[PDB]
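Written below as structure tokens is the structure these notes are about.
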Amino acid sequence: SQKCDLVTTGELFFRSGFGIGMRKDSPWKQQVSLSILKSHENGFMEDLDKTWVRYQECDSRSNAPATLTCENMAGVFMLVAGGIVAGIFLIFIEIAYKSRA
Amino acid sequence: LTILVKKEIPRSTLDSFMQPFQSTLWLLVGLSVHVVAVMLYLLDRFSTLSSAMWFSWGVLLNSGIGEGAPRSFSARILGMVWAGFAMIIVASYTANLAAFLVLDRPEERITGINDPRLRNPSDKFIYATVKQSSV
Amino acid sequence: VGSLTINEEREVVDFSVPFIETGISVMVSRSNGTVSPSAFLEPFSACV
Amino acid sequence: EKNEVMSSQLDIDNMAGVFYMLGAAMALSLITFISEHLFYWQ
Amino acid sequence: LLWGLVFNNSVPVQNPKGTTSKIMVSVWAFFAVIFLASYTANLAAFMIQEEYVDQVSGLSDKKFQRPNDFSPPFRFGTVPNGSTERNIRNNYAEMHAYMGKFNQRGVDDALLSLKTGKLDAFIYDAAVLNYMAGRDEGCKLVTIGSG
Amino acid sequence: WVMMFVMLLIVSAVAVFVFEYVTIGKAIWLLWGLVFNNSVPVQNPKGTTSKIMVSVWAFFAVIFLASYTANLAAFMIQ
Amino acid sequence: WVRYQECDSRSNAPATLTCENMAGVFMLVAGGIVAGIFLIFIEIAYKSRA
Amino acid sequence: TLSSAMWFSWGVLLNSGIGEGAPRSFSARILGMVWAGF
């Protein structure tokens, strides 16, 4: 989402979570996991999700299939000037022909 | 050893002449041709009333009936709006034609032995076979 | 062994580790078509 | 993965590009004609 | 007169002399037909390979705050006698009003009701929705926006 | 194709008969090339059912051009 | 014995346009030409008035 | 109009209304039908 220029192919092999590591028989398991539920039961988890990782910068896979703004048409933009500067001499050729004929 | 299943019904019957939606939209815009052609005639009046509409019909059908060259420049600007809109119309209609011609086909073809409508069958699923076979 | 989650008052019950993950969703149906008001390359080609 | 709906009907909400401002530029052409009428005064 | 020729007008133009005039007309006519072909080939290519987006994430706020704004036919779902009812009622169920009329005990009745359109939306646990979405009647798409 | 070709012969015979009121061979090819958007300055008729049936044929002209192009590009794919 | 293909494959020619579907737009050539005779009678009535 | 007759074929090839070469022979109009077809 952030930098650019990479993809993933899905296929979540593991499907796991991110717990918090403590020493065994701590007095700090139950109330801590209760606060984990409390942080889930207000959307504040989703609030920090917005404030940290919900920032899409580069485009998706989608394939807009194409766009046609300005860039590629320079190969056919030379058609307007490729012969108009020599048509002045073609006028000089025609007035030379009319001076002969 | 494979699975014998039954042919579907195609996306035929190409009577789609108005399925690109015209029966309201073409009917709406054909009257606004006339109602703006009459006021454009008044615009070239105050600076062929029944005749001025045929110029807009000529530019709408790419048909060389031409008699309504406007001496006001602004009605030529309105003709530029007409040739823009008519080319937009025929381009969008051709894109709807070719898109409806070839877009997709819905498919419920079973995979094989590893399909969940086979392995966990419904009441509607006779997936039986012959008797006394190696199957 | 029923398919139940916890809230904070489910202090009473004592889960094990969650084996599967799920969430709260809504269910709607399909529409037919999308909006694209004939103007895709119009600012793009407007540069030319 | 959300491939394609199928449609043949013209989106009448896509008609906003069709009644994109025809009548507004027609009103500017009317003000152009009124300014022509004041240029007849000059 | 030298503008409408890109759009194949009817429009009888003033025919010029046989000079560089009609030559540069044919020069412009090359760019006319090549722009008509390129724009049409793009336009039909936008009718294909296009993603079609629904609006279910914004209406998770908007139809929650304003269920009556667009249409009073906005028939909502429920999980009756469910823990999720209390959890939203404690957090995000100002639509625990307007929804007592929208109580359906028996999930498959609410299924066939919304399949005939007698419900607009149906809130539930995700996993049963996704599984029955994969078992939904053939190929009727019933998921939530982006999953 | 040969069906609409004889329809073009039919409407040219109508334009000969009912406008007994310039159409020997000119009524064929001038009123034929308009399906292909020709350059070809045709003899402009009276404002009658002539130009009406021209616009009627012009509907079938543009709808056949669109249909053939939509088929043809669909044969390049699939 | 078995190398006798009769019906078409899956292939999807994607389409064909021979004769059949165009009957819905084949009525455009006769839908107004039989009343245009009365439109000529209307026009000669108008020219007899005007 | 030997040098001029080519511009009619250029006119029918580019959909551009330069028209001066209406053929008095019917067969060259048939050749123009081949041009608009091609």
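Letters A, B, C, D, E, F, G and H mark the chains as written, and numbering starts fresh at 1 in each.
The rule we apply is simple: a contact is a pair of C-beta atoms (placed from the backbone, for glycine too) under 8 Å apart; a residue touches a chain by one contact, two chains touch by 3 or more.
Number of steps on the shortest path from chain B to chain F, with steps defined by chain touch: 1. Seen from the C-alpha centroid of chain C, the farthest chain centroid is that of H. Between the chain pairs A-E and A-C, more C-beta pairs are in contact across A-E. Chain nearest the geometric middle of the protein is B, using mean C-alpha positions. Each chain gets one centre point, the mean of its Cα atoms, and the points for chain A and chain H are 51 Å apart. The mean-CA centres of chain C and chain H are about 63 angstrom from one another, to the nearest whole unit. Centre to centre, using the average C-alpha position, chain F and chain H are separated by 18 Å. With centres taken as mean Cα positions, chain D sits 22 Å from chain B.
Counting partner chains per residue, chain C shows two or more touched chains at residues 7, 30-31, 33-34, 36, 38, 40-41, 45.
Touching of two or more other chains is recorded for residues 14-18 of chain H.
Only residues 7, 11, 14, 18, 48-49, 52-53, 56-57, 59-60, 63, 67-68, 71, 74-75, 77-78 of chain F touch chain G when the two sit together in their complex.
Across the interface of their complex, chain H is touched by residues 25, 29, 32-33, 36-41 of chain F.
For chain D in complex with chain B, the residues that touch the partner chain are 3-4, 6-10, 12, 15, 17-18, 22, 25-26, 29-30, 32-33, 36. Those residues of chain B whose C-beta lies close enough to touch chain G in the complex are 13-15, 17, 101-102, 105. The touching residues of chain F, when paired with chain B in their complex, are 34, 37, 41-42, 44, 47, 51, 54-55, 58-59, 61-63, 66-67, 69-71, 73-74, 77-78.
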